[PDB]
Structure formats: structure tokens, C-alpha cells
Amino acid sequence: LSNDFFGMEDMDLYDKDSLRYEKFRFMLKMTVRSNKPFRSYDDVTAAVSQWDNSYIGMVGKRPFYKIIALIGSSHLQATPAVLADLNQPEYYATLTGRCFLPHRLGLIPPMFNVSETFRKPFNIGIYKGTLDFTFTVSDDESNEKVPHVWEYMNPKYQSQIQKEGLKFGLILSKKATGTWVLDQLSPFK
Amino acid sequence: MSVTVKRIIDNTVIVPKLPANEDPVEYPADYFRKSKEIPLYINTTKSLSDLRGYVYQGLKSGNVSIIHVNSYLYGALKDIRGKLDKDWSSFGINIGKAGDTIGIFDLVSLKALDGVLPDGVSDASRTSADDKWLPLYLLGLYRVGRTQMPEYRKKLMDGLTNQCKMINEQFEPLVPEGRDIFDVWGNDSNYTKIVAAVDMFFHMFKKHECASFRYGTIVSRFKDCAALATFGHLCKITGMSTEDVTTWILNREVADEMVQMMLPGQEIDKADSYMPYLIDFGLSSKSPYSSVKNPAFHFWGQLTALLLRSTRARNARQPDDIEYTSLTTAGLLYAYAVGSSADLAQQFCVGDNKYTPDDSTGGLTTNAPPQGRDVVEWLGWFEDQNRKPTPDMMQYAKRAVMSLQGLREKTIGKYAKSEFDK
Amino acid sequence: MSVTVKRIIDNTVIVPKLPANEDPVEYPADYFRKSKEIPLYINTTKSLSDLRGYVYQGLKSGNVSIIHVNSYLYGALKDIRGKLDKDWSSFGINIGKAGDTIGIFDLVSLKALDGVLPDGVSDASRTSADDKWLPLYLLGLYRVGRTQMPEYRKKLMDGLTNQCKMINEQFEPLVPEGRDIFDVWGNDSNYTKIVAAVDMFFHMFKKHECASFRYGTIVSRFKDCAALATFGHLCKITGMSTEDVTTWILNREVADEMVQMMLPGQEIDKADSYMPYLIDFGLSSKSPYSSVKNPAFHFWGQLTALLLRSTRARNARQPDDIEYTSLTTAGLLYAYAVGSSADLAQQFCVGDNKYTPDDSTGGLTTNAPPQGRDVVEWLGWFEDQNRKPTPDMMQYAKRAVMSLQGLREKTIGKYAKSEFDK
Amino acid sequence: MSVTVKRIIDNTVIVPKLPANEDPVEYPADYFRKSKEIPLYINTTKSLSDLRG
Amino acid sequence: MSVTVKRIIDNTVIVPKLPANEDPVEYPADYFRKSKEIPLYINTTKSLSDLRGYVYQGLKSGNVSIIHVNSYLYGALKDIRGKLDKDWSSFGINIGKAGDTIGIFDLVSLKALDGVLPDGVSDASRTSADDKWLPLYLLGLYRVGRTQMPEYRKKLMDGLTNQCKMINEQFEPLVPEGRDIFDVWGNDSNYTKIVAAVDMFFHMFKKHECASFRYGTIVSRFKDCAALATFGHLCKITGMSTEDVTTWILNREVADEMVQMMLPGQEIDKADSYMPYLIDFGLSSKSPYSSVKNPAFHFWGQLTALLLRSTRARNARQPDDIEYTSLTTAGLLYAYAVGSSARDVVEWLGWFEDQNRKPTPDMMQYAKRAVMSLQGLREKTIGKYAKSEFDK
RNA sequence: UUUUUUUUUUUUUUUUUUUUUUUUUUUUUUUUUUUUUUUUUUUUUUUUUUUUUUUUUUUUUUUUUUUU
């Protein structure tokens, strides 16, 4: 930073972290296979947080993809196969709608209506298995008001979204009004 | 329209247009532009064991429901195993990417069926030895229920029984001797989607440990694509390059048939594509490559291949309500061109030794076969023969159609023996 | 596209293309560019003695599992012995460095199989007498279960039993007389990988003490590569060098097969390479070098070698759905050229005495064979006959095909006797 | 490579090569360049009388 | 330009000028006037044994780096031995003075390369038996890779192996048989500078102990100077003086090529000079003495030598897209003059004008005799063209 | 006769070698010598198909019932 070398003055457009609202509609599909059922939602976040260990996908939607992964993990309802002993427990979750995310990550490049699938095995120790994803994050120029993005998680789960939302690499904060603004991802990531 | 049409009593236009007696062709590209996924509606609100008992007891009692068998086939074929080595993009759909394991249903979108689930004949004495042989039998009935004649259906059933016995080794037959119910399964859309997805998945992974399931679903490959299959067979039997063959087609309906047959954006040359399943996946309600929609080329190509002594082109059904004179003449001309005048030209050379002696009395104008394969030169010879085929062509056809014992009714062989064997 | 085709009613292009009736060719170079190893999935979570008991009692009871036999074959073939003398690099993989001891499975990547292990028929009375004959018998079953003919299968089983008694000399047969379960073993990918790795390891180490394992795995060498076998047989039966044989190919369809056959980055001339096992190792799912994918070249080579009185070119199966007239004419021409005009040319000179008498009545142009092996001389001679076979050529074919007793159906010998023995 | 063969449809070479159905020759000089000795592996941990018996 | 060219609609000048599709010639004198040294950039931040292992294992694995081989070649070729006897001044550079020890790289300026050094695959079990045969092999793999034809490459590899085996006697071949990587070495400039310096140093010191290094680097001598080589061949194969042969050239394009070849300040008649390596040392990027920048004279001289029964003038390839009829006529006139008159140019010009400029049947018969019975003529060469046209 | 405007079933622009890595050109070389098919449910059209195959070829090494 400026304490180290010479001449890294910030730009006049956004000072350091000029807050901005990015309205965007989205779609999501999820499929989590595991050897044993997830006892707690924390284990679910641990198993899904490494969905981008080798990342090929979008950069302008990478924070958006992380938040969509978080919302999918929040609503990861079980399946009849998850019962006592039928097969490996297979989870599923899908969400669609529109939302706006307050964030301090700078101006985002214009997003397009393109879908990208994601596949990656996870190893959180006790639990084995893989994942599945299908995001459809894109801009929404319509004036139509959209629900707040962090509202899409039910209060039933995520007793502390400050860390449950941080398990995926996000850094959260509070806007002193009850709305969570996304500070940035994991540092250098 | 092509150009304007004038009836000269008042200089007025008529602009004729064909009636919609038969539905127009539909291409897979149009469907994949409309939707970016292939929905599959199934009822998953049941356990795997309960569905297995349902389908087992229904097959044994001959009253199994289509919803139950579809749900059980989904439940027993969730084998994510099978590692892709290359990308499997098809029609702008990213199935996988060079290393990620995919399942059977990873290539078709999955939804929830909106309807009521039948009660069932649930059994609990059947263990979890179902994935080895039961999906095989259930998919085999799909292919079996298309012969519509016992002397072939019996052979197909025996083959399916042997296929399943090689895995299970007990396999008491489930469906009774009579009382068929698998004939209706073709009508259902979800069953066709599942069977075609299974066929394509096991076609991509030939060396899979469950590749035996290709039996009973191989009929889905290139289903209702008889025109494309006979075009390939013709290109392979004539030995001529596949692009020079299309220059030879005549009669003015084969050309337009070909144009609708190979619209560029259809991806008919890629094996691991969605095109061969354009009708089972629901990509097209009326396949443009079918024989009912493409009668003239199918007839002409089958006749030509028969005149070239091909064992395949002796059982294809002769299409109705088409010309049987112009197409037959064109096919006979093609057959006499390829089967008599062998090309037999120098192909590889070491620096030199390339050409042919053109100064050693290379006369051309004669009442002899052109001794070549160019379409224009044989056409010039034929029109010098005033479009009346020579008796030598009749002799060639007689030699190529005679000794064909055991012909099949309504097929190309019977017509050739009745026509070119006067 | 090689060239363009115009629809002449409005001058529009149609770009004809073949259907995907058969899978496209796949080359090992592409596979090794995609991945830098050959994965071998096995379940090694069992002791060697327990696995040996499993496989022994399964073979005796005829209900052995492929996973158990694969794991036991890995366990009993961990012979790191065998010292390389030269480098064994192949397809950009450093197998060894000229002096380091190497095992059978050091040339294929090893992974852990993900699945359920069958229970088994575990026995404890079997001592440590496994490596002597049990892997040999298990590998011999792989070759036995590919004949699909009772006589040849029985002969191969007798040979395998003799080979096993060579080392064990007790050897009560394990698999029962009926219930052929080893037929399915060829379908499994891991078993094919193991057997091909064993074959290549013991081909590199010919003088190894366990070289008897080459029985039953030699079929893996050059598996599904009948085109290269027939090309080598042709090049060895004529004496003509490959670089000059390849010029003689004709009919313009052998050309494409030859071109796709000889792409540079395959090192098909290297014995200690992965090319012979391009399909058993899983490098190529569709072998470009097969006979079904190369029917024209295979047929032409077999017919030509048959007309040159070769003991091999009399049982090769004649391909189907190919033009036979042009290929027969080309094969007859080449065979007559080889068997009528011996080269008989001075090769080595002691300083002087090289040339030939050209001024001593060097008559060349006449109704006689060119008395040489140049392709264009014979082409000009044949064109001087207006592209029809002379009766001397037919007489030569008759003498080269007559007295072929005990011919085999659907083979080249039967076809030649039906065609070149009028 | 002795001489080249070119395909007359597009002026393209093919570089044909024979298959390795029969293993290539190896010369003793090549081995003696690779190694300067002939290894003879035996087990001498036994007396002569025991081995002859 | 020479003289003005006018358009007669208004009497306006246009001064036509040829487009620069081919780069203009560059002369060694101009480069030496610009700079008084030949820089050689190498990376010397490695031990000699480390570089030896690097290059040895790179050659064995066929993935060697050009920087490593250049650095090792510098390290193993610091043989300051070799005592001069006469002054070796060239292009105004004091290389040595009549009795001082001189090294290979003493005649080229040395700098430090600015770049990242690759890793290297050094083998630490290699003794100090490198300078005996390894630099010779590394220099020979430049000429071997300059062939681009399997038969000539195979023959040169056999010759190089024979040359190397004379020294160490074991010499297991290093570069793998396939995937030849040494073709790229010619692209680099410092490797060419090193190989040319070695060639010139061992050309001055013919009787050196390490004179065997001349193999492989001999191709650098007179590189891309085929026009001067064929001029010398014409001057030698006829016995006619060099001052008199230059008058016989005609067609006014050979004259211009001679003019651009014979600049006085080029000292092209000095063996121990920088001229033969004008393109390897980087003195000139476009050699004026090449056969592509001087196609007309090269063709004419090769044809004339062919018609005078010379075994050399039957493999030189015919230059592309140049007027042949006038060049062939001039070559036939010169060849007939030499072969029938054991030589004045204007006398033969007048004799030909007595025929109003048409070859006589006697000259065609002489050409037929000079071109008949040429077995094994290779394609696109002067021999093939003469056999096609002069052997009707 | 005509709605007005029209007048290449001419055109994105820039192109004009199925020319081009540069350097080459002895496949010279160490040096030194109402209708009216007593038509049709739809999709069909090898009573073709698990895949891979194509020698009832193959332990490797052999090729004088030759030799101390």
C-alpha cells in the first residue's frame, strides 16, 4: 500500500469503497451428494464453501456466485433418499427471482444472461461427495423494485449470518440499518 | 414462392400452396433455440425399494403403470460414474468438461411431474439386486414393442432374456407370454426421454461396466432417420466421395429433399450430439430425416444400393405415392455408372509418375460406356442415348437382382425383381 | 470442406456431410494430450491370501466377481523385478530410465476404485502357490473368452491348461465345463488395462522368468488393428517397400483410410509403445486401425495377398457394404504386376559394373507387361487395354486361387474362388 | 527417410510407416554401449555339497 | 533518379520507384561504421560443470534451452591458446598483432544477457570430458538442423557421429531420433555469432588441436553468399580472368547485381576477414551476395557453368520469377565462346548480331552435347531446366 | 394508366495468390594434397444392431530329425 511504495493514489470515481446497489435477477440449481447426512448446517457450509477450489467461472459474478451458493446451501432441503437406509443422501435446492446486493466491491462489469455449470468433489474429512451448480446471474435494467438479497435466507437457519455467510469466503458488515452490505471476498481471493 | 405464376385470361396470380396434410419438418436447432434444456417430468415422491416392488409386481401381473416405471428407472440409473475425457458440448449445451464425472440424467433437465401417483402392488421381498438387470429388461421392452409381428418379437425377447441372464442368471421372465403392455410405453414422452438419454450416455461411455443397458435402447439411436441412414449407406456402398454423390441426384424432388435433409445448422456429423435423438427427446415432433417425409431419396438410394449388390437394401419398405419411373431410371444410370466404369486412378506418387497417356489415341466420341464417374459425362452419354437406357443396363440390373431368393413383400427387392427382371 | 456444391436453380451451397452412423476415429495421441496417465481403478482393501481364496472359489463355483479378480491380479503381479537396459519413453511418458528396475503396473497410473466390494467365497486352505499359475490362467481366460466358437475356444482352453501344467503340473481345471462367465471379463475396462499392461511388460522383457504369462494376453497386442496387420502382410508378401507400395493404392477410398492411418504423431512403427494397446488401455474408444473402420483397405490388401499365394490371406472376413468391383480390379492389377514381372535389378556394385544394356535392342512398346514394378507403366499398359482385365490376368488369378481346399465362409478366399475362378 | 510420397489431391505428404508386428533388431554393440558387463544372477548362499545333492 | 521520366499530357514528372517488397541490401562496412564491435549476449551466472550438465541432460531429454547451450559453449571454448603469426586486422578492428595468444571469443565483443535463466536439468556425475567432443556436437547440430531434408540430415548425422566418435569413442547419441529441436537454434542470433566465431578462428588456425570443431560450423562460412560463390566458380571453371569475365555479363540486371556486389569498400577478396559471416555475426540482415537478392546473375552463371561441363552446376536451383530468355541467350553465347574458342566479348556480340540475335543450330548442338547424359537431375535446378529447354 | 418514390432477385466495410515465420538454395564439406380413398391415432419404414471386433493365426526365441 501507500506506506510501502511511491504513487498509488486512489481514483476520484470511487474513493475507496464507494457503496453501490447492483440490481440483478438470477436462477439457481443445486445437487449435493454425500456419504452421510449433514448433521448441522455448518457442515453444509463447509462442504459447499469449496465449490470453487479450481475456479473457471465468471469474475464479475464471482461474489454473486458465492452469495447464490450461500442461498442455495440455506435452502438445501433433503430428499426421500436421505431416510434411514436407502442410498447415499442426495440433496437438492433451487431458487429463482430478482434481488439487489449492496456491496463495496467497485463497479461491476455488465453481466449477460448466460448459464454456467459447476462440478467439484468435496472432502471436509468425515463427509465425501461432489456438488452441482447452475447460475443465471445477469443484470436487470427494469425499474421494478426487487427484494433485498440477504432476505432470501429464512431466519429459521443461519443463527449468525455474519459467519454462516462468511464460511463461503465473504466478508460481511452491517449498514447500521439492518441491511447487510458485502465488503469483499476473502482477502486476495 | 419460387417465381410468380400467371393464368392468362386476365393476367392474374394464383400463388398455389400445398395443403397441410402432413406436418412440416422440425429441426432440433429450432427447439434448442426455443429452450436451453430438455425437461424430464417424473414423480420422485417414493422410495427406491417401493418403486422397485411396484414395477416388479406390475410386470409380473401385467398391469404396471408408466409413471411407476419411469420413476423407478430414474431411481435405479443415478450412476454418476463415467469420467469424461473431452468436452461434450452439443447444440450449445455444456454437458460436461473434460474430466468431471456425469450421470445418465446430467444431460437432461429434471422437473417434477404434475399428477396423481397410482397406488401400486408394492412388494417387500425383493432385495437390492435390481440395478444389475431390471433397468436392462425395462429398456429392452421399449425396443421389443416396435416389431408388431411375433416372429421377430420372439427373437428380440430371447435376446433380451439372454442379456439379462448373463447378469442375473436366474431371470424368470416377468411379462407373460401374451398380454402386452410395453407397446404403449413408446407413446409416453418421459419414457422415450429416459431411454434416449440412457442410450446416448452409454454410447459416450462404451467401456462402462453397465454398458449392457444399450440393449433395448439402441433402436433410439437415429430413430426415424431412415433417409439419413440410407444416404450414409449409399455413400458407403458406392465408394464415391460423399460430396460427389449429391451431385448425381436427379428428378427435382430429390434435390429439395436433400436441401431440407441437410440444413447446415443441424449437426448431423457429430456422434456425441443430441441430433440422433431429435424425436425421442422431443426436439422435433416430425423428424425431417424420416422416410415418410423423405420418400423419394430413400427409394432411389435403396434401389441404387440394391443394384450395387448390397444386402442391406433388400428389406427397406418401398415408399408409396411417389414416382417409380424417373427415380428408377436415375438409380439404374447411377448403378451402371459406378458398378461398370471403375474409377481406378493413380492416387499416391513419389515426386513424379503422376499423369495418364492422353496422346496414345485417347478418343472419346464412341458408342461405349464413358469409362468414368463424372456426373456430367455420364449424363452426356445418356442424353446421346436419348434418355432411353440401353439393354446392357437391363442386363446389369438383371444380374444384380437375380438369385435374390427369399424377398420381402412391399420392399425394394420385390419391386426390383418385378421391374428390372422382365 | 474439400470443395463446394451449388444448387443450380439459384446457385446456393448445401455442404453435404455424412451421418454419424459410426463413431469417429480416436487417436492415442489425443488421449495422452488430454491426460498424462492411464488410470487403473482397483479395490486394494483386502489381503492377498483372502483375494486369492476369493478368486479360486469363485472360479471353482463359476461366480467370481470382476472386482475381486482385478484386485487379485494386481496383488499377485507386483513383480518390480525386470531391469531396463534402454530408455522406455513413449507418447511423452517417462516409463523408465535405462537401468532402474520396473514393475508391471509402473507403466499405468493406479487409483482407488469407488464401489461396493462383493462378499466372496473366502477360503483359507490355499497356500502361497498363486503367482506360479493363477494369474496365467486368469489372463488366458481373457483370450479364451473372445473366440465365440466352440472348436477354437476348446483348443485355446487346452493350450492354456497345458501352459499352466507346465508350471504347476497338478492343475485340476477351475472353471466348470459350462457356465462361461469369463466372456464378460473383456467388457470390463480395468481388466483390459491390466491384461494389456502385463502383455506389454512381458513383451519388453521377453526373457523374464514369468514370460509364460504372455499366453492369453497376446491377443491384446495390436488389438482391433487388422488394417495395420494386413498392410504389413502386404508389404512383406510382395517384397515391395512400404514407401513404394503406398503409391499403388487406388479406387480413391483406400486413399482416405491410408491417410487417416499414417498421421505422424502415432509412432505406429515403435514396438515398445502404447499404440498396440490403444483400445485395451482405453486410449482410443474407436480404433482407427480396425477392419470395420477400414473395410476397403483391408479387403484390397487381403485380396491382393491372396492372389500372391499367401497362407494368411485366405481366412480374413470379407467386409460388407463396400464397392467390390473396383477393389477387385485394382488388387488383380497389383497382384499380376508383382507375380508376373520380377524386379531382378542390380543392387550393389564394386566400384563399376552398374548400368544395363539400353542400346541392345531396348524394345519397350508392345502388347506385353511392362516387365517392371513402376505404377505408371502398369497403368499405361492397362489403359492400353481400355480398362478391362486381359485373359492372362484372369488365368493368373485362377492359378493363384485354384486348389484352395477347405475354404471358409464370408472370407476373402471364398469370395476370390467365387469371382476369380470362373 | 529414403524418398517421400505425396498425395495428388492437394499436394500433401503421408510419410507411411510399417507396423511393429515383428520386434525391431537389437545389436550387441548397442547393448555393450548401454552396459559394460554381462550380469549373471545366482544364489551362492549354499554349500557345494548341498547344491549338488 | 537516373534521368527524368515525363508524362506527355502536361509534361509532368513521376519519378517511378520500385516497392520495397524485399528489404534493401545491408553491407558489413555500414554496420562496422555504425558500431566498432560485435556484441555477444550470454548468461555467465552459472558454473561450467552446471552448464555442462544442463546441456547434456537437455540434449538427452530433447528439451534444452538456447541460453544454456550458448553459455556452456562460451564456457567450454575459452581456449586462449593458438598463437598468431601475422596481423589479423579486419574491417578496421585490431583483433591481434603478430604473435599474441588469441581465443575464440577474443574476436567478438562480449556482453551480459538481460533475461531470466531457465532451470536446467544438470547431472553432477559428468566428468571434465566435455571440451573433447561436446562443443563439436553442439556446433554440428546447427548444420545438421539447417538441412530440412531427411536424407541429407541423416547423412550429416552419420558424419557428425563419425567425427565425434574419433575423440571419445563411446558417444551414445544424445538428441532423440524424433522431434528435432535443433532447427530453432539457427533462429537465435548469439548461437550463430558463436558458431561463426568458432569457424573463423579455426579457419585462421587450421592446424589447431581442436580444429575438428570446424565440422558443423563450416556451413557458416560464406553463408547466404551464393552469388559470390558462383562468380568464383565461373571464374575458375573457365580459366578466364576475373577482370575480363565481368565485361561479358549482359541483360543489364546482371550488371546491376555485379555493381551492388562489387562495392570497393567490402574487401571481398580477403579470406581472414568478417565478410563470410556478414549474416551470422549480424553484420547484415540481408546479404547482398545471396542467391535471392541476385537471382539473375546466379541463374546466368550457373547455366553458363553447366554448359561448360561442370559437375557443380547441376544442383543449383533455378531462381524464381526472372526473365530467362535473354539470360539463357547470354549464357549460351558465353558457353559457346569458351568451349569453341580456347574470348573477346564485343567480337562475339558482333558475330551474334550477324545472325540478328538468334542462336545458331551449331550453338544448340553444343548445348545439347553439354547437357545430354545428365543422369539423376534433381527437380527445379539448372540441370533440369537446361535438359528441358536446351535438349529439344 | 398511376398513392408517392422507384429502376443491377448489386453490395457490411476493406479486400484481390487455395503466395509468405524469417534467412535460405549444390539431398557441395573437418582441415591439408352434409359429403363422397368401405384411407389414417400418432410416430414409423433392414421380420439390422449390447459394445468391441474381423485368421477355427500367435508363450517367447526359433527355421539342417547338422555339429565336439
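Header says: electron microscopy, 3.5 Å.
The backbone N, Cα and C atoms fix where each Cβ goes, and this holds for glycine too.
What Swiss-Prot says about this one:
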- B:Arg143, B:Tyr152, B:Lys206, B:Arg214, B:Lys286, B:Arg317, B:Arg408: RNA binding site (BINDING)
- B:350-390: region 'Interaction with the phosphoprotein' (REGION)
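Contacting chain C by the Cβ rule (under 8 Å between Cβ atoms), the binding-site residues B:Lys206, B:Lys286, B:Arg317 reduce to B:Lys206. Counted with DSSP, the region 'Interaction with the phosphoprotein' (B:350-390) comes out as 10 helix, 0 strand, 31 coil. Less than 8 angstroms from the CB of B:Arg408 (RNA binding site) sit B:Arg314, B:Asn315, B:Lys414, each of them six or more residues away in the same chain.
Among the record's RNA binders, B:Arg143, B:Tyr152, B:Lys206, B:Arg214, B:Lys286, B:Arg317, B:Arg408, no two C-alpha atoms are more than 34 Å apart, and one pair sits at exactly that spread.
Long-range Cβ contacts of B:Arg317 (RNA binding site) within its own chain (separation 6+, distance under 8 Å): B:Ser291, B:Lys410, B:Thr411, B:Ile412. The Cβ of B:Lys206 (RNA binding site) has 14 neighbouring Cβ atoms from other residues within 10 Å, across all protein chains displayed. Over all protein chains present, the Cβ of B:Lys286 (RNA binding site) has 15 other Cβ atoms lying within 10 Å. On its own chain, B:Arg214 (RNA binding site) has B:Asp199, B:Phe202, B:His203 as residues at least 6 apart in sequence with a Cβ closer than 8 Å to its own Cβ. For B:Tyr152 (RNA binding site), the Cβ neighbour count at a 10 Å cut-off comes to 12, with all displayed protein chains included. Secondary structure from DSSP puts B:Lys286 (RNA binding site) in coil. Residues within less than 8 Å, Cβ to Cβ, of B:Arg143 (RNA binding site) and separated from it by at least 6 positions along the same chain comprise B:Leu156, B:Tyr215, B:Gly216, B:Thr217, B:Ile218, B:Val219.
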